[PDB]
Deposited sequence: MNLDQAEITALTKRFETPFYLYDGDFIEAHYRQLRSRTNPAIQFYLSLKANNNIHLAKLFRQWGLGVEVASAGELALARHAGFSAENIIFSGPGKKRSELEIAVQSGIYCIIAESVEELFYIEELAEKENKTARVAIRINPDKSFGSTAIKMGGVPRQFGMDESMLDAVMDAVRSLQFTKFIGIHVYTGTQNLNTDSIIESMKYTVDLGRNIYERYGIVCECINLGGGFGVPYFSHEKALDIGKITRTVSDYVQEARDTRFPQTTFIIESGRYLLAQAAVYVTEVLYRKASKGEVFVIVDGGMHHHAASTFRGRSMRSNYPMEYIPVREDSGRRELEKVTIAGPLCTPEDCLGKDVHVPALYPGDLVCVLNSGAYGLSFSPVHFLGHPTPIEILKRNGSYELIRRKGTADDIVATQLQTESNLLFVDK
């Protein structure tokens, strides 16, 4: 609603992120309703580090997937219980593993045998039983030319499962809880997702057949993409097919197994708009440039809507040609005071950007819900920048 947005800029200084909390909830509940109850959704915190948004998901029953001790802290700030937190990452420091073990979370998802040994040492030191899952890099490709999967820095190749399981079994203070497969972000190929998830459920079966172990948790990953430029995923097909496959596993060998589908982008991308005001308008060498008050330092990832036709380039306030929101775009003439709205800015936005580049204040974040507006992140200050320097 342009009228709503315009009215908001009178009370909140641009540039800012505006989140539609009503949409976030409806969008999530629609996904939840179509998915087998044995599958629990986990919010990927790296997609958006705002604890106020994370709290909403916590209240709805989602778990949270963190990738650092820092995110673990944010997750606790958001109220996620330890039993609903999993720790992923290819380069966890021992200090991070230490805090994770001390926190007694659902599980640390190990990505190397050496990591498993570190966890065991820490479990012994802390006199605790550390829960671990293993991230597997499938030896299968889900357009791909070569068979056998892709070389990745993440997890451990499926072919190394024997070595991995031998290690986990030898670590007396560690308990194996399951597996995790995540093939990448912004996946817009419906069948590739279904195939990967079914493959992961099958890996669970292989583990029982080869080791007699029943995975307590099978994390199917996800990487559900959202169209930015592109067709949307057939969420109905994914949820229906995977739910049926999971139920079959549930009705046989995995009656008490928790299945997880992780999501960052799909849950939040379309729920926010980045609102920026046009500051200046100029012509240069036959072209027209419109300079707005927001940019790369707030939304590096950067559809757009304009609030009051020509070829124009929309640039941010930074001193670099890279701060371009739109090059040679055709839109009605924009003038100082007009608002440029960047759509689908709810994921990989603020925290994905070089917030301190050129010293501009970080943007305000607003959450709209139940007919009200809540400030969920204050405007940054110069002191926020020098904090680590003084």
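Annotation: deposited residues 1-3, 146-147, 235-236, 310-320, 327-335, 418-428 are not represented by C-alpha coordinates in the model.
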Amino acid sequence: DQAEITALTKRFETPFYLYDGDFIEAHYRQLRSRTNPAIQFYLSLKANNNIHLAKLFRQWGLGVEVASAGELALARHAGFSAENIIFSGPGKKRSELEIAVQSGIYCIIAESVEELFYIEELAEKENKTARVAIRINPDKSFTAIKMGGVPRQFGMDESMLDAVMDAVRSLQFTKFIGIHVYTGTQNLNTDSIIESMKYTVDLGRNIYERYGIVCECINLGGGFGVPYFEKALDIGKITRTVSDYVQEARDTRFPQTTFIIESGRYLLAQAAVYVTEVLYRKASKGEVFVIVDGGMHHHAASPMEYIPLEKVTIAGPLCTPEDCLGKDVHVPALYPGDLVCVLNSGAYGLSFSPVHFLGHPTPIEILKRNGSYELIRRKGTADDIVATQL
From here on, numbers count along this sequence of modelled residues.
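Of the two segments, 285-293 and 73-81, the one listed with the higher mean B-factor is 285-293 (C-alpha atoms only).
The stretch 325-333 shows the higher mean C-alpha B-factor when 325-333 is compared against 344-352 in the entry. Of the candidates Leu116, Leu122, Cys215, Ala144, the deposited coordinates give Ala144 the top C-alpha B factor. Based on the entry's C-alpha B-factors, the most elevated value among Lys198, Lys231, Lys92, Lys175 belongs to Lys231. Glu310: CA B factor lies in the highest third for its chain, per the PDB record.
Annotation for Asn219: C-alpha temperature factor in the lowest third relative to the rest of the modelled chain, per the entry. Per-chain ranking of the deposited C-alpha B factor places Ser302 in the highest third.
Sort the modelled residues of the chain by CA B factor and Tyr274 lands in the middle third.
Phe259: CA B factor lies in the lowest third for its chain, per the PDB record.
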